[PDB]
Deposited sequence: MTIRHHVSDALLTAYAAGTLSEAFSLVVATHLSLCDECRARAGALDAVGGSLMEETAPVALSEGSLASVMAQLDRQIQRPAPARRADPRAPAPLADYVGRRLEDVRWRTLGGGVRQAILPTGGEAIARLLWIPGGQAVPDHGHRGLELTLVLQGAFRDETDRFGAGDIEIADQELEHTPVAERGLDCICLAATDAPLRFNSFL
C-alpha cells in the first residue's frame, strides 16, 4: 500500500507543466502506479481546464479550421512512461558499477535536472548527499529505510535541502529506484 505520495506543490507544477523533464518523469511514473495521486492530478487539471474555458478567445488566421481538417486522418515494474526510457526489461539497461553492489543507469532527458535508475542490493545502502535543490525517489522494486520512514514499491520520497540522508535498502529483494535531481 502506497503511503508516500507526490507533494501538492509538485502535483501543481506537473499539472501546470512547468516541471523539468526529469522530475516529470518521476512524478508521472508514480501517477501511473498510484491512483490516489492520479485522482489528485486530475482535480488539479480541472483547475486548468476551467481557466482554459474562461479565457477570452483569440481568433486564428482564416482557413485554420479548413487547413487542419485537411491534414486529419480518418516489464510490470517499469510502466507509466519510464518504459520509454528503458528497453524491454530492467535486467539489460546500461548499468555502471559503483560503490560495492550499487549500480546506476542515467536516463536521457531535456531540462537541467537529471534522472537515473539506481540498483541497490538488499543490505547495502545508497550513499547520499543533501542536494542544492530537490531530489525525488520512486521505489520500483523492494524497498529501503530512511529512519523517518520506510519506502516500498511505488512509494515516493521527497528530500529537501534541510535533510540528513541515511538510506539502507531492505534485505529480501534488490531495491531498484528511479531518482531525479536538480
Deposited positions lacking CA coordinates: 1, 76-86, 195-203
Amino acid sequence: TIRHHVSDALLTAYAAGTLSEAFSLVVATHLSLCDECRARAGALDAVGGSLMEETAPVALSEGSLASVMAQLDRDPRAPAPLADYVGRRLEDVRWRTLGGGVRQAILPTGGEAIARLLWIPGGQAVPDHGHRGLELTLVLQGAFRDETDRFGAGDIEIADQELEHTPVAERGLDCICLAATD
From here on, numbers count along this sequence of modelled residues.
Given 126-134 and 31-39, the range whose Cα B-factors average higher in the PDB entry: 126-134
Per the entry, higher mean C-alpha B factor between 1-9 and 172-180: 172-180
Entry-reported Cα temperature factor of residue 154, expressed as the chain third it lands in: lowest
Within-chain third of residue 141 by Cα B-factor, per the entry: middle
Chain third (lowest, middle, highest) by recorded CA B-factor, residue given as residue 62: lowest
Residue 54 CA temperature factor, ranked by third within the chain: middle
